[PDB]
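Trainee: here is my input; please provide its structure:
(chains A and B)
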Amino acid sequence: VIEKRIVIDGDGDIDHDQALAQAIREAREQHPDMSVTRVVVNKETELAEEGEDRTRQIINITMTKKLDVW
Amino acid sequence: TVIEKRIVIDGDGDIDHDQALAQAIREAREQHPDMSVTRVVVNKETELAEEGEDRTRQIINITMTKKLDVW
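Mentor: Numbers count the residues shown, from 1 in each chain, chains lettered A, B, ... in the order given. Structure as follows:
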């Protein structure tokens, strides 16, 4: 299995549908023998008691080996 | 020893960050007096679905390590 983690610094909204489309497209292109099996978008907020809560956007793409039909 | 406490809220109701951190520190002091919370993260996790509505969870991840305190 492959776990592709992509970090975007900043709480700017992410187009979910385009994220999924781009995931599948880049997978087909660069990893033709594998198929995307999960895409999750995380709005990650690290809580700080002493200051400002940092917010990142984490796109996790899980890809496994292609499962032939027979 | 590192402890990772993961807490899942299936409802997407907004989370009080300050109260989440407070509760983390309180429960840590209570149940693990020899440990100190060193990270608290709130995740608005959205699982992308090609066939319908994207289910959204709220994940509170609390990382606590051994206490760093001389004397």
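Trainee: surely residue A:60 is within a helix?
Mentor: No - secondary structure assignment (DSSP: H, G, I helix; E, B strand; the rest coil) places residue A:60 in strand, not in a helix.
Trainee: what sits closest to it if chain neighbours are left out?
Mentor: Leaving aside its sequence neighbours, residue A:60 sits nearest to residue A:40 (Cβ to Cβ, 6 or more residues apart in numbering or on different chains; 4.8 Å). Yep, even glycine has a C-beta here, placed from its N, CA and C like the rest.
Trainee: how about residue A:59?
Mentor: Closest to residue A:59 by Cβ to Cβ, 6+ apart is residue A:6, at 4.2 Å.
Trainee: can you give me every residue that contacts the one you found?
Mentor: Residues counted as contacts of residue A:6 (Cβ atoms under 8 Å, 6 or more residues apart in numbering or on different chains) are A:58, A:59, A:60, A:61.
Trainee: neighbour-wise, which one of those leads?
Mentor: Each of these was scored for neighbours by other Cβ atoms under 10 Å in any protein chain shown, and residue A:61 scores highest at 22 neighbours.
Trainee: nearest spatial neighbour of it, chain-adjacent residues omitted?
Mentor: residue A:4 (4.2 Å).
Trainee: cool, residue A:41 as well?
Mentor: residue B:46 (4.7 Å).
Trainee: sorry, back to before: among the contacts of residue A:6, which pair sits farthest apart?
Mentor: A:58 and A:61 (10.6 Å; Cβ to Cβ).
Trainee: common neighbours of the two, please.
Mentor: A:5, A:6.
Trainee: list the buried residues for the helix or strand containing residue A:44?
Mentor: Per DSSP states H and E, residue A:44 falls inside strand A:34-46. Of the residues in strand A:34-46, A:36, A:39, A:40, A:41, A:42, A:43, A:44, A:45 count as buried by neighbour count, 16 or more other Cβ atoms under 10 Å in any protein chain shown.
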